[PDB]
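In: part one of the complex, left exactly where it sits:
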Amino acid sequence: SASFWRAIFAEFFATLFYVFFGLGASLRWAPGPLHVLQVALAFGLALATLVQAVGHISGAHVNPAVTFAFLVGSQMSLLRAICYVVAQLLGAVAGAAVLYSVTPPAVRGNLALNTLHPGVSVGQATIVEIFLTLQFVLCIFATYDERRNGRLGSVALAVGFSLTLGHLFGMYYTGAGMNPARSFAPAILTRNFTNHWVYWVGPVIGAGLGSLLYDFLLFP
């Protein structure tokens, strides 16, 4: 099972770097010009380079929702799916842990914790997180799919830009927590789980809907 564990470490390392570079760029070094575009591209380019790296071996899910979507899409065994989520959660905490150690406390903040924007209820926040992950999973499933007569497009860049779009929209509502592991890492390290179920229920449903809309309403 050498090819199995190498993918688990790939999911561990890539999620570590995804959270490290993702949360790190999200750290408010400045209350100055709008960080939304910078952070959105950071998460996107982070996912783009990691899919380009470990995408051929683990799929570069780096997201319990994404792993949940392939589990729903019947493209991964239950066991491997639990293995990825643990590796993603364990890696996300590690990435935010190293980030906590290298970042000065004045700019660590709440470690880029996904908090609900004022005026955004948990019901509205859940729907936003559903649609954020729905399009994201839809893009992943349509991009990772090998069934098409055409042959064009970069996989890592298309999926990363879908994540960038999710942050260009969702950062104002929920901080764009389209990744339960990315949401779990600052919560576990700051002892703040306020409305944290939104960042699990939302993306998981959005992953399931994106896994279902594609498999039976877009490409049977």
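Out: Structure received. Numbers count the residues shown, from 1 in each chain, chains lettered A, B, ... in the order given.
In: residues near residue A:141, how many?
Out: 22 (other C-beta atoms under 10 Å). Where C-beta positions appear, they are placed from N, C-alpha and C, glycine not excepted.
In: name the element the closest residue to it other than its chain neighbours belongs to?
Out: Closest residue to residue A:141 apart from its sequence neighbours, by C-beta to C-beta, 6 or more residues apart in numbering: residue A:214 at 4.4 Å. Using DSSP states H and E, residue A:214 sits in helix A:198-217.
In: ok, and what's touching that helix?
Out: A:63-66, A:68-70, A:72-73, A:114, A:116, A:122, A:125-138, A:140-142, A:174, A:177-180, A:183-184 (C-beta atoms under 8 Å, 6 or more residues apart in numbering).
In: gap between the residue nearest the centre of chain A and residue A:9?
Out: By C-alpha atoms, centre = their mean, chain A has its centre lying nearest to residue A:179, at 3.3 Å. To residue A:9, residue A:179 is 19 Å away according to C-beta to C-beta, to the nearest Å.
In: in the helix holding residue A:214, what's buried?
Out: A:198-215 (16 or more other C-beta atoms under 10 Å).
In: same check, this time on stretch A:33-51
Out: Buried-residue list, stretch A:33-51, by 16+ other C-beta under 10 Å: A:35, A:39-51.
In: repeat for stretch A:139-148
Out: A:139-144.
In: endpoints of that stretch, how far apart?
Out: Length of stretch A:139-148, first residue to last, C-alpha to C-alpha, to the nearest Å: 15 Å.
In: what comes into contact with that stretch?
Out: Contacts of stretch A:139-148 (C-beta under 8 Å, 6+ apart): A:59, A:66, A:69, A:73, A:153, A:155, A:158-159, A:162, A:210-211, A:214-215, A:218-219.
In: so which of these is the closest to residue A:110?
Out: Minimum distance to residue A:110 across the contacts of stretch A:139-148 is 24.6 Å, recorded for residue A:66 (C-beta to C-beta).
In: show me what the strand or helix carrying that closest one is packed up against.
Out: Using DSSP H and E, residue A:66 sits in helix A:64-72. Helix A:64-72 is packed against helix A:78-102, helix A:122-144, helix A:180-190, helix A:198-217, with contacts defined by 3 or more C-beta pairs under 8 Å, 6 or more residues apart in numbering; DSSP states H and E.
In: using CSV, lay out those helices together with distance to residue A:166.
Out: Shown next, in CSV, are the helices and strands packed on helix A:64-72 (distance: least, C-beta to C-beta, whole Å):
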stretch, distance to residue A:166
helix A:78-102, 17
helix A:122-144, 4
helix A:180-190, 11
helix A:198-217, 10
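In: so which of those helices is nearest residue A:169?
Out: That would be helix A:122-144 among the helices and strands packed on helix A:64-72, by C-beta to C-beta, at 7.0 Å.
In: then chain B, please:
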Amino acid sequence: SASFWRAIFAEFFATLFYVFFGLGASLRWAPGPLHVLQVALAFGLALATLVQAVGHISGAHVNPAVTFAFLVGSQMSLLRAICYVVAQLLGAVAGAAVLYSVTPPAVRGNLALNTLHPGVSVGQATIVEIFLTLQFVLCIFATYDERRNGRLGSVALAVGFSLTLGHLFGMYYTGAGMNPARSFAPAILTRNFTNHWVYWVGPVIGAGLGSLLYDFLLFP
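Out: Alright, chain B goes in next:
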């Protein structure tokens, strides 16, 4: 006709998400730093991920002008063209409806309504909207074309960047309403159709000119 209706739902869903993520990022959460670059990339990355998703099944037109261009380009029957526009219009309203329900009223604004900039007449606004959609259709037609000895380039990223360019230029004039469905959704939900014909006449002509310049003056 299973392959027919699946494309209609694809045009419905993708236009829904195109307007949801497009108008949502356009919502002025802040009168702060310039949102033009953020919104332009949002619309572009929104169209990029949707072409990457439903582009193989419906073409990912998500634009009555774009559907009008292929109708002019004789690459789609009249019936299917009317089906797409209804699906696009119905989907755009739905996307802006969900956006209205998840966005707090303080940041909904006019729901990112395409309004004419002061000092920009309806004649100047129409021309801007023509050239915005002309290059956009030109890019789509040159990108969706299968007739070339070369084999390179990502389809979804080229078309999305053409839409981004249109917003990098047209947002100052007309809000860059290169999509009558994207323009119809906030107008129907805010009861504001001021100069709304500009966002239909403009893109439709620009679509026809782009469909004609390509088919008979660029690639006969």
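In: could you re-examine what packs on helix A:64-72 with chain B now present?
Out: helix A:78-102, helix A:122-144, helix A:180-190, helix A:198-217 (3 or more C-beta pairs under 8 Å, 6 or more residues apart in numbering or on different chains; DSSP states H and E).
In: which residues touch it?
Out: A:11, A:59, A:61, A:76, A:78, A:81, A:84-85, A:88-89, A:133, A:136-137, A:140-141, A:178-181, A:200, A:203-204, A:206-208, A:210-212 (C-beta atoms under 8 Å, 6 or more residues apart in numbering or on different chains).
In: and for stretch A:113-133?
Out: Residues contacting stretch A:113-133 (C-beta under 8 Å, 6+ apart): A:65, A:166, A:169-170, A:172-178, A:182-183, A:186-187, A:190, A:192, A:194-195, A:198-199, A:201-207, A:209-210, B:17, B:20-21, B:98, B:101-104, B:106-107.
In: 6 Å instead, please
Out: For stretch A:113-133, the surrounding residues in contact (C-beta atoms under 6 Å, 6 or more residues apart in numbering or on different chains) are A:65, A:166, A:170, A:173-175, A:177-178, A:183, A:186, A:190, A:192, A:195, A:198-199, A:201-203, A:205-207, B:102, B:104.
In: now the end-to-end length of it.
Out: Stretch A:113-133 end-to-end distance (C-alpha to C-alpha) = 18 Å.
In: gap between whichever residue of chain A sits closest to chain B and residue A:173?
Out: Across chain A, no residue is closer to chain B than residue A:119, which sits at 3.6 Å (C-beta to the nearest C-beta). Computed as C-beta to C-beta, the residue A:119 to residue A:173 distance reads 10 Å.
In: okay, these two: which has more neighbours?
Out: Per other C-beta atoms under 10 Å in any protein chain shown, whichever of residue A:119 and residue A:173 has more neighbours is residue A:173, with 24 against 12.
In: host element of the more buried one?
Out: Applying DSSP H and E, one finds residue A:173 in no helix or strand.
In: quick one: contacts for it?
Out: Here residue A:173 is in contact with A:117, A:120, A:128 (C-beta under 6 Å, 6+ apart).
In: same thing but 8 Å
Out: Contacts of residue A:173 by C-beta under 8 Å, 6+ apart are A:116-117, A:120, A:124-125, A:128, B:102-103.
In: what number of residues are in the vicinity of residue A:5?
Out: Using other C-beta under 10 Å as the criterion, the residues surrounding residue A:5 number 11.
In: could you look up the SS state of it?
Out: When classified by DSSP: H, G, I helix; E, B strand; the rest coil, residue A:5 comes out as helix.
In: tell me how far the closest residue to residue A:154 other than its chain neighbours lies from residue B:47.
Out: Excluding the flanking residues, the one nearest residue A:154 by C-beta to C-beta, 6 or more residues apart in numbering or on different chains is residue B:154, at 5.7 Å. As judged by C-beta to C-beta, residue B:154 and residue B:47 stand 13 Å apart.
In: between the two, who's got more neighbours?
Out: Set residue B:154 next to residue B:47 and count neighbours by other C-beta under 10 Å: residue B:47 wins out with 32 against 19.
In: attach chain C to the model above:
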Amino acid sequence: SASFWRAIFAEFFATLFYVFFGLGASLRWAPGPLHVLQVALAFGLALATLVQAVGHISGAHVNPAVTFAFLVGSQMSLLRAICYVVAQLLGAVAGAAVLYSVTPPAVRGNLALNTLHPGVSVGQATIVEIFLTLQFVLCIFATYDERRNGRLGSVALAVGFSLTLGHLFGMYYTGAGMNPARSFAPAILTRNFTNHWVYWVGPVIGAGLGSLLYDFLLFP
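Out: Next up, chain C placed on what we already have:
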């Protein structure tokens, strides 16, 4: 000679739109947040969509320097090279003319005229314009080249990003006038040719050096 004139109109139209969307985004609608990144991507995405459109028929030079480089690179007859430059110059003026007609006079400014930054001498400005066009031509020649065992990369996106890089650097010095036609259009329409030779000598030399460094010091 049907295939000949269709490329001339392609060079005319694309340069028209290159200047229209390029200069238009460069128009200072606001002295607010830094426009450099917005304008740099605008010119780049403008060139990217135009190469994606008319690149298969005229090469999408839209630049007398670029046409000069292929003339130096012996990949185009003298006659066709003069035809392109006239079409580029004539198209650039037309693009800036339409832009002048659709843009309100309060935001037309000097029509995005390439002016030398204070403290930047004409000798320093020439060198900057040389290096701006040198890398730009180097990217074009390496990208348009068909001689390589590998097969990857998007042509239109690589060349457009090279132009974006040139504006990310050169806009502070000379406004990044890496295109004599783009520099000629506002000069002819504003009656301001101050230091205008810099935007011809600079890019032409940079085009020749880029055409020479590639053909005899990079890929013989």
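In: since we added chain C, can you redo the buried residues of stretch A:33-51?
Out: A:34-37, A:39-51 (16 or more other C-beta atoms under 10 Å in any protein chain shown).
In: list of residues touching it?
Out: Residues contacting stretch A:33-51 (C-beta under 8 Å, 6+ apart): A:14, A:17-18, A:21-22, A:25-26, A:28, A:60, A:62, A:155-157, A:159-168, A:171-172, A:176, B:30, B:32-33, B:35, B:37-38, B:41, C:33.
In: pull out the buried members of the residues you listed.
Out: For the contacts of stretch A:33-51, buried by 16+ other C-beta under 10 Å: A:14, A:17-18, A:21-22, A:25-26, A:60, A:62, A:155-157, A:159-168, A:171-172, A:176, B:33, B:35, B:37-38, B:41, C:33.
In: got a list of what residue A:54 touches?
Out: With contact taken as C-beta under 8 Å, 6+ apart, residue A:54 is in contact with A:7, A:10-11, A:13-14, A:60.
In: make CSV out of those residues and add distance to chain C and secondary structure.
Out: Output for those, formatted as CSV (distance: C-beta to the nearest C-beta, whole Å; DSSP: H, G, I helix; E, B strand; the rest coil):
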residue, distance to chain C, secondary structure
A:7, 25, helix
A:10, 23, helix
A:11, 26, helix
A:13, 25, helix
A:14, 23, helix
A:60, 19, coil
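In: tell me which of the residues you listed is nearest to residue B:94?
Out: Using C-beta to C-beta, residue A:60 is the member of the contacts of residue A:54 that lies nearest residue B:94, at 32.2 Å.
In: where's the closest one relative to residue A:144, distance?
Out: Taking C-beta to C-beta, one finds residue A:60 at 10 Å from residue A:144.
In: before we move on, what about residue A:29?
Out: Relative to residue A:144, residue A:29 is positioned 35 Å away (criterion: C-beta to C-beta).
In: can you list the residues of chain A near chain B?
Out: A:33-34, A:36-37, A:117, A:119-120, A:124, A:127-128, A:131, A:134-135, A:138-139, A:142-143, A:148, A:150-154, A:157-158, A:161-162, A:164-165, A:168-169, A:172-173, A:213-214, A:217-219 (C-beta under 8 Å from any C-beta of the partner chain).
In: in chain A, what residue sits furthest out from the centroid?
Out: residue A:149 (29.5 Å).
In: in which helix or strand does it reside?
Out: Here residue A:149 is assigned to no helix or strand, by DSSP H and E.
In: return the residues in contact with it.
Out: Contacts of residue A:149 (C-beta under 8 Å, 6+ apart): none.
In: so the residue in chain A that chain C sits nearest to: helix, strand or coil?
Out: Ranked by C-beta to the nearest C-beta, the top residue of chain A for proximity to chain C is residue A:33, at 6.3 Å. The three-state assignment at residue A:33 reads coil, by three-state DSSP.
In: residue A:91 and residue A:13, how far apart?
Out: 7 Å.
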